[PDB]
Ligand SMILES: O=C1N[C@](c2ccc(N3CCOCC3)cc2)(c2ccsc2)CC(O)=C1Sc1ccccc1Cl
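Just the one chain here, laid out as structure tokens, in the form solved without the ligand.
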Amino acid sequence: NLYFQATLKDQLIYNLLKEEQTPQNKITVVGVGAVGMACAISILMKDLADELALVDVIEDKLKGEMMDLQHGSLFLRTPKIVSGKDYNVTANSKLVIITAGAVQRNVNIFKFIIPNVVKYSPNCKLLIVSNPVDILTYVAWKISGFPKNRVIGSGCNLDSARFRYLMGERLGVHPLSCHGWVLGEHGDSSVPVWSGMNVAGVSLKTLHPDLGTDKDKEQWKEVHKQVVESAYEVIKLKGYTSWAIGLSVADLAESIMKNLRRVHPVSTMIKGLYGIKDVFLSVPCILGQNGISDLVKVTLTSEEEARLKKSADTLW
């Protein structure tokens, strides 16, 4: 180091600039558990970030994960993958995905996580994935001071995806052509909007008025029951759920990063709509570079809205 050494790089490369240039489409993932890495690989293989930053308190695992993704750089189009306990690595993130945690036991963690994120990434959109996403989305919105539009919770984007996959299995149609929405709490009190289910615009409830009721001879209510028990079943089998939620988060990050303005059922403040006064639950929202820029005023039945009011009641 004391002596001047002629480098192979100097013989080969002639330099013009010397600026990191600040990242343009950077994304950060807080938490490198199964869910965290699932979101990381899905984002990496969708070419959504020119720089990926991983952060978690377990530094031995954090480094191994980073090195594992870095070794596959040849097969990716994301030219920079960094990690580190210090949240300085997350500077200039356009989107921060939070999957860290094990409600109070996790709300404390948000106190130590959210400010660090907001410190180095003030203009970034928050995508809360940690459970209960309905409440922790309201938390990160209070601990951060960000405008509600830039505080998104994953919410029921996966519940609806599960709901449409089950629709397809019953109809022999790809879920892309099975339209249906699961709203409310991302949990046992989710609300299936039976009045919107359709294929090619044909309302199923109109064909089958018993749809979703107990008199339904086909028991389409079991479909929502499966959407609720899904995570319970996969967890009891493999110990956790990761692939499904990872693909869901990446599809949200796609709408946000690329500013597509697609409609997703993500958590957000619903003060006023449906008579609810108080805090955060999922509804169809347009998603773009500014996060939730709009809401869709879905016309719910009295029974549907009743459950939603019951879902918001359960939440706090």
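Rigid core here is just the name for the largest C-alpha set that superposes within 1.5 Å across the two forms. Quick note: we count residues from 1 along the sequence shown, nothing fancier.
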Line up the rigid core: which moves more in 9 other deposited structures of this protein, 28-36 or 267-275, by C-alpha RMS? 267-275
Which of the two stretches, 226-234 versus 115-123, has its Cα atoms farther on average from this form in 9 other deposited structures of this protein when everything is superposed by the rigid core? 226-234
Missing residues, deposited sequence, between residue 207 and residue 208 (class: none, 1 to 3, 4 to 9, 10 or more): none
Per the record, how many residues of the deposited chain fall between residue 50 and residue 51 without being modelled: none, 1 to 3, 4 to 9, or 10 or more? none
190-198 versus 213-221 - which carries the larger mean C-alpha B factor in the record: 213-221
Can you let me know which of the two, 264-272 or 24-32, has the higher average C-alpha B-factor in the entry? 264-272
Return the residue from 12, 16, 292, 308 that has the highest Cα B-factor in the entry. 308
In this PDB entry, which of 146, 75, 243, 163 has the top CA B-factor? 146
Splitting the chain's C-alpha B-factors into thirds, which one does residue 181 fall into? lowest
Lowest, middle or highest third: which one holds residue 115 when the chain's residues are ordered by CA B-factor from the entry? highest
Third of the chain, ranked by Cα B-factor, where residue 135 sits: highest
C-alpha B factor of residue 108, ranked within the chain: lowest, middle or highest third? highest
Where does residue 56 sit by CA temperature factor within its chain: lowest, middle or highest third? middle
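Just so you know, the form solved in complex with the ligand exists too; it's not on screen, but the next bit is about it.
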Just one of 151, 191, 95, 158 has a heavy atom within 4.5 angstroms of the ligand in the entry with it bound, so which one? 158
Exactly one of 227, 124, 211, 139 comes within 4.5 Å of the ligand in the entry with it bound through a heavy atom, and that residue is 227
Residue 143 within 4.5 Å of the ligand in the entry with it bound, heavy atoms: no
Do residue 239 and the ligand come within 4.5 Å of each other in the entry with it bound, heavy atoms counted? yes
Contact with the ligand in the entry with it bound for residue 231, defined as at least one heavy atom pair within 4.5 Å: yes or no? yes
Do any residues of 128-155 have a non-hydrogen atom within 4.5 angstroms of the ligand in the entry with it bound? If so, which ones, in sequence order? 131
